[PDB]
Amino acid sequence: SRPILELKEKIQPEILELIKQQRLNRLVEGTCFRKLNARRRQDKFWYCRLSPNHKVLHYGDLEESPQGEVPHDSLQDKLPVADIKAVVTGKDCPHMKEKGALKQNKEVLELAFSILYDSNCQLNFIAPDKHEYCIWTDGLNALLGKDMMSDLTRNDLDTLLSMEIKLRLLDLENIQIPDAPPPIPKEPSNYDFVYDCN
Amino acid sequence: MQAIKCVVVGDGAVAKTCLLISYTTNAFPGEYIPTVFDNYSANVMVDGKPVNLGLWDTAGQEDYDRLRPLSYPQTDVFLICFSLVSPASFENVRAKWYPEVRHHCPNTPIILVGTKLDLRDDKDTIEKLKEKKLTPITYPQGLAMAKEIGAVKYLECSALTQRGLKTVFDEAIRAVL
Amino acid sequence: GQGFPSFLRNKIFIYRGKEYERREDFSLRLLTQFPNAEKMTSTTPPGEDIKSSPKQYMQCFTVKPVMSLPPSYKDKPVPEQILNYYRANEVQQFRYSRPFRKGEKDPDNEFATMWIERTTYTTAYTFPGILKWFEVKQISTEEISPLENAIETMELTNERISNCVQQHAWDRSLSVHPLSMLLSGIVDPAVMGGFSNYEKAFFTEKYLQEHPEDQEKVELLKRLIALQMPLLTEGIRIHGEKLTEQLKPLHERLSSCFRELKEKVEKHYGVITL
């Protein structure tokens, strides 16, 4: 399967961009995200919707909505996409290093993600669990245009790439691929096609 | 329909009046028009209902310490101000402005505000401060002074960009609200 | 820009914003409406390259809704409500002020350079209309001398003081804080003294050499402040009606400086009060 694997991984990008646009759709549809220390009558749930233009983010201190996102002008409909330095995930979050009343417990160690903007403002947000946490990080790096950080994303990569290559090997059934490519027959330099074109 | 009293002090070397008038004028950055009078006002909606307000433009000369406190009584909030790029302004605030203000009105929410945020990281301004042996003093120590007073908020804004400026005024209004 | 659709490219529009939309709130709301959400900084003049260049460029700024003429109202003592309605509604003209330095940048003084290129806008249809916006139909500029600058600043000052005078003269359960606002700001141009600025800039004989023939305006300013002064008198007495013990030091300072400026205009300015 050496030529098989080479050909398989070598036609990569289509699956990757499909995954990324799916992440884009997921960010736009979004959900009600989780705040920090929403205990004393604070809305833990609040939606963060990406623009269909994927350039502004509709988010803010929205209410405890179990239905999820409500389409409207969120408390802030803009997140400057063009200037986000990064999102800190894990211990890099300054809110995690808090030792006062905003102490995030070690149980949100993988729900800590803070959008970097204004060089001093951060958005220390919490995800309900791991898979969507990785999903949102993936969506952000898709806005960032770099690699993904969802295990499920690598899952999708391998599985769909395998499906596609598997559905191509139908022509080559009962046939073998010389690992060394077959020698190219010498094409006569004349292009005077005896038969007409098209 | 209601109005809010709001005082602003500070040394005259920072020209906070420029900031205030630029905000109220809704003007383009670097496009404000200097008036002949002080104590500007505006009517602003922050939440639910629009509210009136007025900003006591108080001159920061040491001598007018006789007239300035007479304006203090029954002011809903006060805004202490400084220059982020003037260590001398820091010395005045921590040494003169903050002490005497907290003395005068110990019972009122306070917000500290930076200035010349663009000039904070202005490399030429920074190198001028260094060669003049002054410090382009940054946020975390401003946050330290905010903790020092426990001000309800501290923010840094700029006039040439009006960045956070709207946020500055909104935080000021919602300090009461 | 050029990426704009045909009817949008290189076109100027005026938008009847909400009751209290800040310039940048509306700006961002429009950014929602558009990709390539950028702003040039040369707010007043156009950009020739971007008259033809792609990459749509935008700019937002409040303009002044030029006061309409309520017909047959020009002189009757009609109450304010009518006019404040007419103040912003049923309007077509829009001016936009323009700062400019024209003169020496003397340190203590800004008015030695102050010239304003107010830009007037006339649209096709009068707000409000079927659409919450409209293109400009004709655009024009203005030019304002520091003489004029002083003139109209003084004017708007006077009518504002009037405005507060009658609004608090009609309503009783009314905040005294605006009275504090005004009376303070006018009484002490504390950060910088506008009156002495007028004196140094215009009342000086040096201006009468720079503009000898254009002395017919310093007399106008003298008349302006002279008409101001009794309005200041009614402001003082209105405060006395609204005076409180906290305002009492305030009120005495106001009143003392008020007669101070009284005699200053009467004799030091040598201007004749009515």
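Backbone N, Cα and C atoms are what each Cβ position is placed from, and that goes for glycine too.
Features as listed in Swiss-Prot:
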{"type": "MOTIF", "residues": "B:32-40", "note": "motif 'Effector region'"}
{"type": "MOD_RES", "residues": "B:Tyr32", "note": "(Microbial infection) O-AMP-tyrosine"}
{"type": "CARBOHYD", "residues": "B:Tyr32", "note": "(Microbial infection) O-linked (GlcNAc) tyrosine"}
{"type": "CARBOHYD", "residues": "B:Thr35", "note": "(Microbial infection) O-linked (Glc) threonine"}
{"type": "MOD_RES", "residues": "B:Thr35", "note": "(Microbial infection) O-AMP-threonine"}
{"type": "CARBOHYD", "residues": "B:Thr35", "note": "(Microbial infection) O-alpha-linked (GlcNAc) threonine"}
{"type": "MOD_RES", "residues": "B:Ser71", "note": "phosphoserine"}
{"type": "CROSSLNK", "residues": "B:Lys147", "note": "ubiquitin cross-link"}
{"type": "CROSSLNK", "residues": "B:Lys166", "note": "ubiquitin cross-link"}
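Structure coloured by features recorded in Swiss-Prot.
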{"residue": "B:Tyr32", "record": "(Microbial infection) O-AMP-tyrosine", "contacts (Cβ under 8 Å, 6+ apart)": "B:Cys18, B:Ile21, B:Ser22, B:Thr25"}
{"residue": "B:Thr35", "record": "(Microbial infection) O-linked (Glc) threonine", "contacts (Cβ under 8 Å, 6+ apart)": "B:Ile21"}
{"residue": "B:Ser71", "record": "phosphoserine", "contacts (Cβ under 8 Å, 6+ apart)": "B:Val7, B:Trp56, B:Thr58"}
{"residue": "B:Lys147", "record": "ubiquitin cross-link", "contacts (Cβ under 8 Å, 6+ apart)": "none"}
{"residue": "B:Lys166", "record": "ubiquitin cross-link", "contacts (Cβ under 8 Å, 6+ apart)": "B:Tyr23"}
Composition by DSSP (helix, strand, coil) of residues within the motif 'Effector region' (B:32-40): 0 helix, 1 strand, 8 coil
